[PDB]
file query.tsv (TSV, N, CA and C atoms)
chain	number	residue	atom	x	y	z
A	1	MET	N	-49.20	-16.64	-8.46
A	1	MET	CA	-48.99	-17.76	-9.41
A	1	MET	C	-47.85	-18.65	-8.91
A	2	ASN	N	-48.03	-19.95	-8.96
A	2	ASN	CA	-46.96	-20.88	-8.48
A	2	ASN	C	-46.18	-21.45	-9.66
A	3	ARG	N	-44.97	-21.88	-9.41
A	3	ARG	CA	-44.13	-22.45	-10.49
A	3	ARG	C	-44.80	-23.67	-11.10
A	4	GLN	N	-45.30	-24.56	-10.29
A	4	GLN	CA	-45.96	-25.78	-10.83
A	4	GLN	C	-46.94	-25.39	-11.93
A	5	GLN	N	-47.66	-24.32	-11.73
A	5	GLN	CA	-48.64	-23.88	-12.77
A	5	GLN	C	-47.88	-23.43	-14.02
A	6	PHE	N	-46.80	-22.72	-13.83
A	6	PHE	CA	-46.01	-22.23	-15.00
A	6	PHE	C	-45.44	-23.42	-15.78
A	7	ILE	N	-44.88	-24.38	-15.08
A	7	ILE	CA	-44.28	-25.56	-15.77
A	7	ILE	C	-45.38	-26.34	-16.51
A	8	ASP	N	-46.49	-26.58	-15.86
A	8	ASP	CA	-47.59	-27.33	-16.52
A	8	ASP	C	-48.16	-26.48	-17.66
A	9	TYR	N	-48.28	-25.20	-17.45
A	9	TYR	CA	-48.83	-24.31	-18.51
A	9	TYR	C	-47.93	-24.35	-19.75
A	10	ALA	N	-46.64	-24.25	-19.56
A	10	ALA	CA	-45.71	-24.28	-20.72
A	10	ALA	C	-45.83	-25.60	-21.47
A	11	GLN	N	-45.83	-26.70	-20.75
A	11	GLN	CA	-45.94	-28.02	-21.42
A	11	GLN	C	-47.33	-28.15	-22.06
A	12	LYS	N	-48.27	-27.39	-21.60
A	12	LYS	CA	-49.64	-27.47	-22.18
A	12	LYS	C	-49.73	-26.59	-23.43
A	13	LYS	N	-49.36	-25.34	-23.32
A	13	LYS	CA	-49.44	-24.41	-24.48
A	13	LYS	C	-48.15	-24.43	-25.31
A	14	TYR	N	-47.00	-24.41	-24.68
A	14	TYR	CA	-45.72	-24.39	-25.45
A	14	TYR	C	-45.21	-25.81	-25.64
A	15	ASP	N	-45.84	-26.79	-25.03
A	15	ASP	CA	-45.39	-28.21	-25.18
A	15	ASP	C	-43.86	-28.27	-25.22
A	16	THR	N	-43.22	-27.39	-24.48
A	16	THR	CA	-41.73	-27.35	-24.47
A	16	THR	C	-41.20	-27.96	-23.17
A	17	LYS	N	-40.08	-28.61	-23.25
A	17	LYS	CA	-39.48	-29.25	-22.04
A	17	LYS	C	-38.40	-28.33	-21.46
A	18	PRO	N	-38.17	-28.38	-20.17
A	18	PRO	CA	-37.14	-27.53	-19.50
A	18	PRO	C	-35.71	-27.92	-19.88
A	19	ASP	N	-34.82	-26.96	-19.88
A	19	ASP	CA	-33.40	-27.23	-20.24
A	19	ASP	C	-32.48	-26.51	-19.26
A	20	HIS	N	-31.31	-27.05	-19.03
A	20	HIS	CA	-30.35	-26.40	-18.10
A	20	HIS	C	-28.94	-26.50	-18.68
A	21	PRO	N	-28.56	-25.57	-19.52
A	21	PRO	CA	-27.20	-25.55	-20.14
A	21	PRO	C	-26.11	-25.58	-19.07
A	22	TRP	N	-26.34	-24.88	-17.98
A	22	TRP	CA	-25.35	-24.85	-16.88
A	22	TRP	C	-25.70	-25.91	-15.83
A	23	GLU	N	-24.84	-26.88	-15.65
A	23	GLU	CA	-25.10	-27.95	-14.65
A	23	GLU	C	-25.01	-27.37	-13.24
A	24	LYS	N	-24.18	-26.38	-13.07
A	24	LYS	CA	-24.02	-25.75	-11.72
A	24	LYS	C	-25.34	-25.08	-11.32
A	25	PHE	N	-26.33	-25.14	-12.18
A	25	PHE	CA	-27.65	-24.51	-11.87
A	25	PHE	C	-28.78	-25.46	-12.28
A	26	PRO	N	-28.96	-26.54	-11.55
A	26	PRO	CA	-30.02	-27.54	-11.85
A	26	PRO	C	-31.42	-26.99	-11.55
A	27	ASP	N	-31.50	-25.98	-10.73
A	27	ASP	CA	-32.82	-25.38	-10.39
A	27	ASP	C	-33.23	-24.41	-11.50
A	28	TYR	N	-32.36	-24.17	-12.44
A	28	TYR	CA	-32.69	-23.23	-13.55
A	28	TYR	C	-33.37	-23.99	-14.69
A	29	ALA	N	-34.37	-23.39	-15.29
A	29	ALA	CA	-35.09	-24.05	-16.42
A	29	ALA	C	-35.11	-23.11	-17.62
A	30	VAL	N	-34.79	-23.61	-18.79
A	30	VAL	CA	-34.79	-22.75	-20.01
A	30	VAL	C	-35.71	-23.37	-21.06
A	31	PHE	N	-36.59	-22.58	-21.61
A	31	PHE	CA	-37.53	-23.08	-22.66
A	31	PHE	C	-37.21	-22.40	-23.99
A	32	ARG	N	-37.15	-23.15	-25.06
A	32	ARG	CA	-36.85	-22.53	-26.39
A	32	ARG	C	-37.34	-23.44	-27.51
A	33	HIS	N	-37.73	-22.87	-28.62
A	33	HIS	CA	-38.22	-23.68	-29.77
A	33	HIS	C	-37.10	-23.84	-30.80
A	34	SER	N	-36.69	-25.05	-31.04
A	34	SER	CA	-35.61	-25.29	-32.04
A	34	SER	C	-36.19	-25.16	-33.45
A	35	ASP	N	-37.49	-25.19	-33.57
A	35	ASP	CA	-38.13	-25.07	-34.91
A	35	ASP	C	-38.45	-23.60	-35.21
A	36	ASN	N	-38.23	-22.72	-34.26
A	36	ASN	CA	-38.53	-21.27	-34.47
A	36	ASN	C	-37.22	-20.47	-34.42
A	37	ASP	N	-36.28	-20.93	-33.65
A	37	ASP	CA	-34.96	-20.23	-33.53
A	37	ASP	C	-35.15	-18.78	-33.06
A	38	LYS	N	-34.34	-18.37	-32.12
A	38	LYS	CA	-34.41	-16.97	-31.59
A	38	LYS	C	-35.51	-16.87	-30.53
A	39	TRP	N	-35.13	-16.87	-29.28
A	39	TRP	CA	-36.15	-16.78	-28.19
A	39	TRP	C	-35.45	-16.57	-26.85
A	40	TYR	N	-36.22	-16.38	-25.81
A	40	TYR	CA	-35.62	-16.21	-24.47
A	40	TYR	C	-36.68	-16.54	-23.42
A	41	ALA	N	-36.43	-17.53	-22.61
A	41	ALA	CA	-37.39	-17.90	-21.55
A	41	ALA	C	-36.64	-18.66	-20.46
A	42	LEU	N	-36.38	-18.04	-19.34
A	42	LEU	CA	-35.64	-18.73	-18.25
A	42	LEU	C	-36.35	-18.48	-16.93
A	43	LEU	N	-36.45	-19.50	-16.12
A	43	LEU	CA	-37.11	-19.36	-14.79
A	43	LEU	C	-36.08	-19.62	-13.71
A	44	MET	N	-35.91	-18.69	-12.81
A	44	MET	CA	-34.90	-18.88	-11.73
A	44	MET	C	-35.31	-18.09	-10.48
A	45	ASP	N	-34.84	-18.51	-9.34
A	45	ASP	CA	-35.18	-17.80	-8.07
A	45	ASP	C	-34.08	-16.80	-7.76
A	46	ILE	N	-34.41	-15.53	-7.79
A	46	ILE	CA	-33.38	-14.47	-7.52
A	46	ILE	C	-33.79	-13.66	-6.27
A	47	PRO	N	-32.83	-13.22	-5.48
A	47	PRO	CA	-33.12	-12.42	-4.25
A	47	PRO	C	-34.12	-11.28	-4.52
A	48	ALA	N	-34.98	-11.01	-3.57
A	48	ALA	CA	-35.98	-9.92	-3.74
A	48	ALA	C	-35.26	-8.58	-3.87
A	49	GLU	N	-34.05	-8.50	-3.38
A	49	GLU	CA	-33.28	-7.22	-3.46
A	49	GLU	C	-32.74	-7.03	-4.88
A	50	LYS	N	-32.76	-8.06	-5.68
A	50	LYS	CA	-32.23	-7.94	-7.08
A	50	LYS	C	-33.32	-7.39	-8.00
A	51	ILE	N	-34.54	-7.32	-7.53
A	51	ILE	CA	-35.65	-6.78	-8.37
A	51	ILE	C	-36.00	-5.37	-7.89
A	52	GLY	N	-35.30	-4.89	-6.89
A	52	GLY	CA	-35.55	-3.50	-6.38
A	52	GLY	C	-36.42	-3.54	-5.12
A	53	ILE	N	-36.94	-4.68	-4.76
A	53	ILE	CA	-37.80	-4.75	-3.54
A	53	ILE	C	-36.92	-4.81	-2.28
A	54	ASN	N	-37.31	-4.10	-1.26
A	54	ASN	CA	-36.53	-4.06	0.01
A	54	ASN	C	-36.45	-5.46	0.65
A	55	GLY	N	-37.51	-6.22	0.58
A	55	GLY	CA	-37.50	-7.57	1.21
A	55	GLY	C	-36.26	-8.36	0.79
A	56	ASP	N	-35.74	-9.17	1.68
A	56	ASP	CA	-34.54	-9.99	1.37
A	56	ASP	C	-34.99	-11.43	1.08
A	57	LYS	N	-36.28	-11.65	0.97
A	57	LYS	CA	-36.79	-13.02	0.70
A	57	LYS	C	-36.58	-13.39	-0.77
A	58	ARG	N	-36.32	-14.64	-1.03
A	58	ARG	CA	-36.10	-15.09	-2.43
A	58	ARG	C	-37.44	-15.21	-3.16
A	59	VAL	N	-37.47	-14.88	-4.43
A	59	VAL	CA	-38.75	-14.97	-5.20
A	59	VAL	C	-38.51	-15.62	-6.56
A	60	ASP	N	-39.57	-16.09	-7.17
A	60	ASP	CA	-39.44	-16.75	-8.50
A	60	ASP	C	-39.83	-15.78	-9.61
A	61	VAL	N	-38.99	-15.62	-10.60
A	61	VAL	CA	-39.30	-14.70	-11.73
A	61	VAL	C	-39.06	-15.41	-13.06
A	62	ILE	N	-39.69	-14.93	-14.11
A	62	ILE	CA	-39.51	-15.54	-15.46
A	62	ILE	C	-39.25	-14.45	-16.49
A	63	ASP	N	-38.52	-14.78	-17.52
A	63	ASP	CA	-38.22	-13.77	-18.57
A	63	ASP	C	-39.41	-13.64	-19.52
A	64	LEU	N	-39.79	-12.43	-19.85
A	64	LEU	CA	-40.95	-12.23	-20.78
A	64	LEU	C	-40.50	-11.34	-21.95
A	65	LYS	N	-40.67	-11.82	-23.15
A	65	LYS	CA	-40.26	-11.02	-24.34
A	65	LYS	C	-41.42	-10.14	-24.81
A	66	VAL	N	-41.18	-8.87	-25.00
A	66	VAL	CA	-42.26	-7.95	-25.48
A	66	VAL	C	-41.73	-6.98	-26.52
A	67	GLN	N	-42.62	-6.34	-27.23
A	67	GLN	CA	-42.20	-5.37	-28.27
A	67	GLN	C	-41.69	-4.09	-27.58
A	68	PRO	N	-40.85	-3.34	-28.24
A	68	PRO	CA	-40.27	-2.08	-27.68
A	68	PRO	C	-41.35	-1.02	-27.40
A	69	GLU	N	-42.47	-1.09	-28.08
A	69	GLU	CA	-43.56	-0.09	-27.86
A	69	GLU	C	-44.53	-0.59	-26.78
A	70	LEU	N	-44.60	-1.88	-26.56
A	70	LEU	CA	-45.53	-2.42	-25.53
A	70	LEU	C	-44.79	-2.56	-24.20
A	71	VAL	N	-43.54	-2.19	-24.16
A	71	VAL	CA	-42.77	-2.28	-22.89
A	71	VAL	C	-43.40	-1.34	-21.86
A	72	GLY	N	-43.77	-0.16	-22.29
A	72	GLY	CA	-44.38	0.82	-21.35
A	72	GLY	C	-45.69	0.25	-20.78
A	73	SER	N	-46.47	-0.40	-21.60
A	73	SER	CA	-47.76	-0.97	-21.12
A	73	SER	C	-47.50	-2.07	-20.10
A	74	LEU	N	-46.72	-3.04	-20.46
A	74	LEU	CA	-46.42	-4.17	-19.54
A	74	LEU	C	-45.57	-3.69	-18.36
A	75	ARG	N	-44.57	-2.89	-18.62
A	75	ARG	CA	-43.69	-2.40	-17.53
A	75	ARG	C	-44.45	-1.41	-16.64
A	76	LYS	N	-45.54	-0.86	-17.11
A	76	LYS	CA	-46.30	0.09	-16.28
A	76	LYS	C	-46.99	-0.67	-15.16
A	77	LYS	N	-47.39	-1.89	-15.42
A	77	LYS	CA	-48.11	-2.67	-14.38
A	77	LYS	C	-47.15	-2.97	-13.21
A	78	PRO	N	-47.62	-2.89	-11.98
A	78	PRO	CA	-46.78	-3.18	-10.79
A	78	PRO	C	-46.46	-4.67	-10.63
A	79	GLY	N	-45.41	-4.97	-9.92
A	79	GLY	CA	-45.03	-6.40	-9.71
A	79	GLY	C	-44.08	-6.84	-10.82
A	80	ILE	N	-44.05	-6.12	-11.91
A	80	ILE	CA	-43.15	-6.48	-13.04
A	80	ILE	C	-41.94	-5.55	-13.03
A	81	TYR	N	-40.77	-6.10	-12.84
A	81	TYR	CA	-39.53	-5.26	-12.81
A	81	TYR	C	-38.74	-5.48	-14.11
A	82	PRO	N	-38.00	-4.49	-14.54
A	82	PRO	CA	-37.19	-4.57	-15.80
A	82	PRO	C	-36.02	-5.55	-15.67
A	83	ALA	N	-35.59	-6.11	-16.77
A	83	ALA	CA	-34.46	-7.07	-16.74
A	83	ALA	C	-33.19	-6.37	-16.26
A	84	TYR	N	-32.42	-7.03	-15.44
A	84	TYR	CA	-31.15	-6.43	-14.93
A	84	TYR	C	-30.00	-6.78	-15.88
A	85	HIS	N	-30.30	-7.46	-16.96
A	85	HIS	CA	-29.23	-7.84	-17.92
A	85	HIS	C	-28.88	-6.66	-18.83
A	86	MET	N	-28.13	-6.91	-19.88
A	86	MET	CA	-27.73	-5.83	-20.82
A	86	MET	C	-28.98	-5.25	-21.49
A	87	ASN	N	-29.92	-6.09	-21.85
A	87	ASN	CA	-31.15	-5.59	-22.52
A	87	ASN	C	-32.14	-5.07	-21.48
A	88	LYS	N	-33.33	-4.73	-21.91
A	88	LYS	CA	-34.36	-4.21	-20.97
A	88	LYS	C	-35.73	-4.26	-21.66
A	89	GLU	N	-35.87	-3.54	-22.74
A	89	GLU	CA	-37.17	-3.53	-23.48
A	89	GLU	C	-37.42	-4.90	-24.09
A	90	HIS	N	-36.39	-5.52	-24.59
A	90	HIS	CA	-36.56	-6.85	-25.23
A	90	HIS	C	-37.01	-7.88	-24.18
A	91	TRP	N	-36.32	-7.94	-23.07
A	91	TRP	CA	-36.68	-8.92	-22.00
A	91	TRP	C	-37.12	-8.17	-20.74
A	92	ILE	N	-38.17	-8.63	-20.11
A	92	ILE	CA	-38.67	-7.96	-18.87
A	92	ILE	C	-38.86	-9.01	-17.77
A	93	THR	N	-38.37	-8.73	-16.60
A	93	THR	CA	-38.50	-9.70	-15.48
A	93	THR	C	-39.89	-9.58	-14.85
A	94	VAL	N	-40.57	-10.69	-14.67
A	94	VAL	CA	-41.94	-10.66	-14.07
A	94	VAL	C	-41.91	-11.39	-12.72
A	95	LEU	N	-42.49	-10.79	-11.71
A	95	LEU	CA	-42.49	-11.42	-10.37
A	95	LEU	C	-43.69	-12.36	-10.23
A	96	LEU	N	-43.46	-13.64	-10.31
A	96	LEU	CA	-44.57	-14.62	-10.16
A	96	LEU	C	-45.10	-14.56	-8.73
A	97	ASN	N	-44.23	-14.42	-7.78
A	97	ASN	CA	-44.67	-14.35	-6.36
A	97	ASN	C	-45.24	-12.97	-6.09
A	98	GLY	N	-45.46	-12.20	-7.12
A	98	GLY	CA	-46.00	-10.82	-6.95
A	98	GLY	C	-47.53	-10.84	-6.98
A	99	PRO	N	-48.14	-9.69	-7.15
A	99	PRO	CA	-49.63	-9.55	-7.20
A	99	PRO	C	-50.19	-9.96	-8.57
A	100	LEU	N	-49.34	-10.36	-9.46
A	100	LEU	CA	-49.80	-10.75	-10.82
A	100	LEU	C	-50.77	-11.93	-10.76
A	101	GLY	N	-51.85	-11.84	-11.50
A	101	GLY	CA	-52.87	-12.92	-11.51
A	101	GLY	C	-52.51	-13.97	-12.56
A	102	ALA	N	-53.02	-15.17	-12.40
A	102	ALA	CA	-52.73	-16.25	-13.37
A	102	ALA	C	-53.32	-15.88	-14.74
A	103	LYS	N	-54.51	-15.34	-14.75
A	103	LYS	CA	-55.15	-14.95	-16.04
A	103	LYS	C	-54.42	-13.74	-16.62
A	104	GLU	N	-53.95	-12.86	-15.77
A	104	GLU	CA	-53.23	-11.65	-16.26
A	104	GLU	C	-51.93	-12.08	-16.95
A	105	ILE	N	-51.23	-13.01	-16.36
A	105	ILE	CA	-49.95	-13.49	-16.96
A	105	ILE	C	-50.25	-14.19	-18.29
A	106	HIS	N	-51.28	-14.99	-18.33
A	106	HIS	CA	-51.62	-15.71	-19.59
A	106	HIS	C	-51.83	-14.71	-20.72
A	107	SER	N	-52.52	-13.64	-20.46
A	107	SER	CA	-52.76	-12.62	-21.52
A	107	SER	C	-51.43	-12.03	-22.00
A	108	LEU	N	-50.56	-11.71	-21.08
A	108	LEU	CA	-49.25	-11.12	-21.46
A	108	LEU	C	-48.45	-12.14	-22.28
A	109	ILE	N	-48.48	-13.38	-21.89
A	109	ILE	CA	-47.73	-14.42	-22.64
A	109	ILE	C	-48.30	-14.53	-24.05
A	110	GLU	N	-49.60	-14.51	-24.18
A	110	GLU	CA	-50.22	-14.61	-25.53
A	110	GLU	C	-49.58	-13.57	-26.44
A	111	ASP	N	-49.41	-12.38	-25.94
A	111	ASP	CA	-48.79	-11.30	-26.76
A	111	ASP	C	-47.35	-11.70	-27.12
A	112	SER	N	-46.61	-12.23	-26.18
A	112	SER	CA	-45.21	-12.64	-26.47
A	112	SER	C	-45.22	-13.86	-27.39
A	113	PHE	N	-46.23	-14.69	-27.28
A	113	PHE	CA	-46.31	-15.90	-28.14
A	113	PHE	C	-46.29	-15.47	-29.61
A	114	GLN	N	-47.04	-14.46	-29.94
A	114	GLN	CA	-47.09	-13.99	-31.35
A	114	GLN	C	-45.67	-13.80	-31.88
A	115	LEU	N	-44.74	-13.46	-31.03
A	115	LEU	CA	-43.34	-13.25	-31.47
A	115	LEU	C	-42.61	-14.60	-31.51
A	116	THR	N	-43.15	-15.59	-30.85
A	116	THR	CA	-42.49	-16.93	-30.82
A	116	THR	C	-43.23	-17.87	-31.77
A	117	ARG	N	-44.04	-17.34	-32.64
A	117	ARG	CA	-44.80	-18.20	-33.59
A	117	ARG	C	-43.82	-18.93	-34.52
A	118	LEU	N	-44.12	-20.17	-34.82
A	118	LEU	CA	-43.22	-20.97	-35.69
A	118	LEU	C	-43.40	-20.59	-37.16
A	119	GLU	N	-42.37	-20.76	-37.94
A	119	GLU	CA	-42.43	-20.42	-39.39
A	119	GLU	C	-42.83	-18.96	-39.57
A	120	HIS	N	-41.90	-18.07	-39.34
A	120	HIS	CA	-42.19	-16.62	-39.50
A	120	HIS	C	-42.44	-16.32	-40.98
A	121	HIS	N	-41.69	-16.92	-41.85
A	121	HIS	CA	-41.88	-16.66	-43.31
A	121	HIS	C	-41.39	-17.86	-44.13
A	122	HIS	N	-42.04	-18.12	-45.23
A	122	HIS	CA	-41.63	-19.25	-46.10
A	122	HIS	C	-42.48	-19.22	-47.38
A	123	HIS	N	-42.09	-18.43	-48.34
A	123	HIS	CA	-42.87	-18.36	-49.62
A	123	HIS	C	-41.96	-17.85	-50.74
A	124	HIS	N	-41.84	-18.60	-51.81
A	124	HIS	CA	-40.98	-18.17	-52.95
A	124	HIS	C	-41.58	-16.93	-53.61
A	125	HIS	N	-42.88	-16.89	-53.74
A	125	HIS	CA	-43.54	-15.72	-54.38
A	125	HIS	C	-45.05	-15.84	-54.21
call {"tool": "encode", "arguments": {"input": "query.tsv", "output": "structure tokens"}}
result
Amino acid sequence: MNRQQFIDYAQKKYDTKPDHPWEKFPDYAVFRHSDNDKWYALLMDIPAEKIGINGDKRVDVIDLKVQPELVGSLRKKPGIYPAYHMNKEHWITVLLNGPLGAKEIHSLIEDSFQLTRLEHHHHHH
């Protein structure tokens, strides 16, 4: 899967525009819904050695939010490495330059989308 596809896909399904809070990182892109509040989606190129792969070539990865019980299912698939941040089950690093298929990624995102749905609750009774 190429980044151009990810950027066009997000603007197509998430209709969200890229953001870069840190100017020292213009190549970094962050997607978030201000109408949903609470989310995590960042795309950045990190060394292949930072994902556990021996290769020293740089690769493109994106943050994927999943449920604590579906982490084993998604994390079981190869090419997907766990987040190196403080969390792990909440956010999972996915290798776009990996063996992951475009249709396979779309299915996984659909599952994460359910958690990024707008208006989680709003009813007096």
call {"tool": "atom_distance", "arguments": {"input": "query.tsv", "atom1": "atom CA of residue A:52", "atom2": "atom CA of residue A:72"}}
result
17.9 Å
call {"tool": "select_by_dssp", "arguments": {"input": "query.tsv", "residues": "chain A", "states": "strand (DSSP E)", "output": "tab-separated table (two decimals) with N, CA and C atoms, in the frame of the given file"}}
result
chain	number	residue	atom	x	y	z
A	29	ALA	N	-34.37	-23.39	-15.29
A	29	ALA	CA	-35.09	-24.05	-16.42
A	29	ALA	C	-35.11	-23.11	-17.62
A	30	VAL	N	-34.79	-23.61	-18.79
A	30	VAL	CA	-34.79	-22.75	-20.01
A	30	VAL	C	-35.71	-23.37	-21.06
A	42	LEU	N	-36.38	-18.04	-19.34
A	42	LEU	CA	-35.64	-18.73	-18.25
A	42	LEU	C	-36.35	-18.48	-16.93
A	43	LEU	N	-36.45	-19.50	-16.12
A	43	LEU	CA	-37.11	-19.36	-14.79
A	43	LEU	C	-36.08	-19.62	-13.71
A	44	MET	N	-35.91	-18.69	-12.81
A	44	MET	CA	-34.90	-18.88	-11.73
A	44	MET	C	-35.31	-18.09	-10.48
A	45	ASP	N	-34.84	-18.51	-9.34
A	45	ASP	CA	-35.18	-17.80	-8.07
A	45	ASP	C	-34.08	-16.80	-7.76
A	46	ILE	N	-34.41	-15.53	-7.79
A	46	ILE	CA	-33.38	-14.47	-7.52
A	46	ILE	C	-33.79	-13.66	-6.27
A	47	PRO	N	-32.83	-13.22	-5.48
A	47	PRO	CA	-33.12	-12.42	-4.25
A	47	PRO	C	-34.12	-11.28	-4.52
A	58	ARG	N	-36.32	-14.64	-1.03
A	58	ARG	CA	-36.10	-15.09	-2.43
A	58	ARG	C	-37.44	-15.21	-3.16
A	59	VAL	N	-37.47	-14.88	-4.43
A	59	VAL	CA	-38.75	-14.97	-5.20
A	59	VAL	C	-38.51	-15.62	-6.56
A	60	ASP	N	-39.57	-16.09	-7.17
A	60	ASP	CA	-39.44	-16.75	-8.50
A	60	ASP	C	-39.83	-15.78	-9.61
A	61	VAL	N	-38.99	-15.62	-10.60
A	61	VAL	CA	-39.30	-14.70	-11.73
A	61	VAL	C	-39.06	-15.41	-13.06
A	62	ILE	N	-39.69	-14.93	-14.11
A	62	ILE	CA	-39.51	-15.54	-15.46
A	62	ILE	C	-39.25	-14.45	-16.49
A	63	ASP	N	-38.52	-14.78	-17.52
A	63	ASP	CA	-38.22	-13.77	-18.57
A	63	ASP	C	-39.41	-13.64	-19.52
A	64	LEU	N	-39.79	-12.43	-19.85
A	64	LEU	CA	-40.95	-12.23	-20.78
A	64	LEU	C	-40.50	-11.34	-21.95
A	65	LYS	N	-40.67	-11.82	-23.15
A	65	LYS	CA	-40.26	-11.02	-24.34
A	65	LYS	C	-41.42	-10.14	-24.81
A	80	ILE	N	-44.05	-6.12	-11.91
A	80	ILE	CA	-43.15	-6.48	-13.04
A	80	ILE	C	-41.94	-5.55	-13.03
A	81	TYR	N	-40.77	-6.10	-12.84
A	81	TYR	CA	-39.53	-5.26	-12.81
A	81	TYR	C	-38.74	-5.48	-14.11
A	82	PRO	N	-38.00	-4.49	-14.54
A	82	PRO	CA	-37.19	-4.57	-15.80
A	82	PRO	C	-36.02	-5.55	-15.67
A	91	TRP	N	-36.32	-7.94	-23.07
A	91	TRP	CA	-36.68	-8.92	-22.00
A	91	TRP	C	-37.12	-8.17	-20.74
A	92	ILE	N	-38.17	-8.63	-20.11
A	92	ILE	CA	-38.67	-7.96	-18.87
A	92	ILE	C	-38.86	-9.01	-17.77
A	93	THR	N	-38.37	-8.73	-16.60
A	93	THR	CA	-38.50	-9.70	-15.48
A	93	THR	C	-39.89	-9.58	-14.85
A	94	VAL	N	-40.57	-10.69	-14.67
A	94	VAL	CA	-41.94	-10.66	-14.07
A	94	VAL	C	-41.91	-11.39	-12.72
A	95	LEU	N	-42.49	-10.79	-11.71
A	95	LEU	CA	-42.49	-11.42	-10.37
A	95	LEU	C	-43.69	-12.36	-10.23
call {"tool": "residues_around", "arguments": {"input": "query.tsv", "residues": "residue A:60", "least_positions_apart": "3", "cutoff": "8 Å", "atoms": "all atoms listed in the file", "output": "PDB file with N, CA and C atoms, keeping the file's coordinate frame"}}
result
ATOM      1  N   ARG A   3     -44.970 -21.880  -9.410  1.00  0.00           N
ATOM      2  CA  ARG A   3     -44.130 -22.450 -10.490  1.00  0.00           C
ATOM      3  C   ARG A   3     -44.800 -23.670 -11.100  1.00  0.00           C
ATOM      4  N   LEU A  43     -36.450 -19.500 -16.120  1.00  0.00           N
ATOM      5  CA  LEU A  43     -37.110 -19.360 -14.790  1.00  0.00           C
ATOM      6  C   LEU A  43     -36.080 -19.620 -13.710  1.00  0.00           C
ATOM      7  N   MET A  44     -35.910 -18.690 -12.810  1.00  0.00           N
ATOM      8  CA  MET A  44     -34.900 -18.880 -11.730  1.00  0.00           C
ATOM      9  C   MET A  44     -35.310 -18.090 -10.480  1.00  0.00           C
ATOM     10  N   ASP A  45     -34.840 -18.510  -9.340  1.00  0.00           N
ATOM     11  CA  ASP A  45     -35.180 -17.800  -8.070  1.00  0.00           C
ATOM     12  C   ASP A  45     -34.080 -16.800  -7.760  1.00  0.00           C
ATOM     13  N   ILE A  46     -34.410 -15.530  -7.790  1.00  0.00           N
ATOM     14  CA  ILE A  46     -33.380 -14.470  -7.520  1.00  0.00           C
ATOM     15  C   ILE A  46     -33.790 -13.660  -6.270  1.00  0.00           C
ATOM     16  N   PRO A  47     -32.830 -13.220  -5.480  1.00  0.00           N
ATOM     17  CA  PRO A  47     -33.120 -12.420  -4.250  1.00  0.00           C
ATOM     18  C   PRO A  47     -34.120 -11.280  -4.520  1.00  0.00           C
ATOM     19  N   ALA A  48     -34.980 -11.010  -3.570  1.00  0.00           N
ATOM     20  CA  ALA A  48     -35.980  -9.920  -3.740  1.00  0.00           C
ATOM     21  C   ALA A  48     -35.260  -8.580  -3.870  1.00  0.00           C
ATOM     22  N   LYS A  57     -36.280 -11.650   0.970  1.00  0.00           N
ATOM     23  CA  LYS A  57     -36.790 -13.020   0.700  1.00  0.00           C
ATOM     24  C   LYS A  57     -36.580 -13.390  -0.770  1.00  0.00           C
ATOM     25  N   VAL A  94     -40.570 -10.690 -14.670  1.00  0.00           N
ATOM     26  CA  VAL A  94     -41.940 -10.660 -14.070  1.00  0.00           C
ATOM     27  C   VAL A  94     -41.910 -11.390 -12.720  1.00  0.00           C
ATOM     28  N   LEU A  95     -42.490 -10.790 -11.710  1.00  0.00           N
ATOM     29  CA  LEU A  95     -42.490 -11.420 -10.370  1.00  0.00           C
ATOM     30  C   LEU A  95     -43.690 -12.360 -10.230  1.00  0.00           C
ATOM     31  N   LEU A  96     -43.460 -13.640 -10.310  1.00  0.00           N
ATOM     32  CA  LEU A  96     -44.570 -14.620 -10.160  1.00  0.00           C
ATOM     33  C   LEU A  96     -45.100 -14.560  -8.730  1.00  0.00           C
ATOM     34  N   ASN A  97     -44.230 -14.420  -7.780  1.00  0.00           N
ATOM     35  CA  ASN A  97     -44.670 -14.350  -6.360  1.00  0.00           C
ATOM     36  C   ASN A  97     -45.240 -12.970  -6.090  1.00  0.00           C
ATOM     37  N   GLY A  98     -45.460 -12.200  -7.120  1.00  0.00           N
ATOM     38  CA  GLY A  98     -46.000 -10.820  -6.950  1.00  0.00           C
ATOM     39  C   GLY A  98     -47.530 -10.840  -6.980  1.00  0.00           C
TER      40      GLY A  98
END
call {"tool": "atom_distance", "arguments": {"input": "query.tsv", "atom1": "atom C of residue A:32", "atom2": "atom C of residue A:18"}}
result
9.0 Å
call {"tool": "residues_around", "arguments": {"input": "query.tsv", "residues": "stretch 103-117 of chain A", "least_positions_apart": "4", "cutoff": "6 Å", "atoms": "all atoms listed in the file", "output": "number ranges by chain"}}
result
A: 36, 65-66
call {"tool": "atom_distance", "arguments": {"input": "query.tsv", "atom1": "atom CA of residue A:28", "atom2": "atom CA of residue A:88"}}
result
20.5 Å
call {"tool": "residues_around", "arguments": {"input": "query.tsv", "residues": "residue A:91", "least_positions_apart": "4", "cutoff": "7 Å", "atoms": "all atoms listed in the file", "output": "list in words"}}
result
residues 63, 64, 65, 66, 82, 83 and 87 of chain A
call {"tool": "axis_aligned_box", "arguments": {"input": "query.tsv", "around": "stretch 102-115 of chain A", "padding_each_side": "8 Å", "output": "JSON"}}
result
{"center_x": -48.9, "center_y": -13.7, "center_z": -22.1, "size_x": 28.5, "size_y": 21.1, "size_z": 35.5}
call {"tool": "select_by_dssp", "arguments": {"input": "query.tsv", "residues": "chain A", "states": "helix (DSSP H, G or I)", "output": "PyMOL selection string"}}
result
chain A and resi 3-14+48-50+71-76+102-115
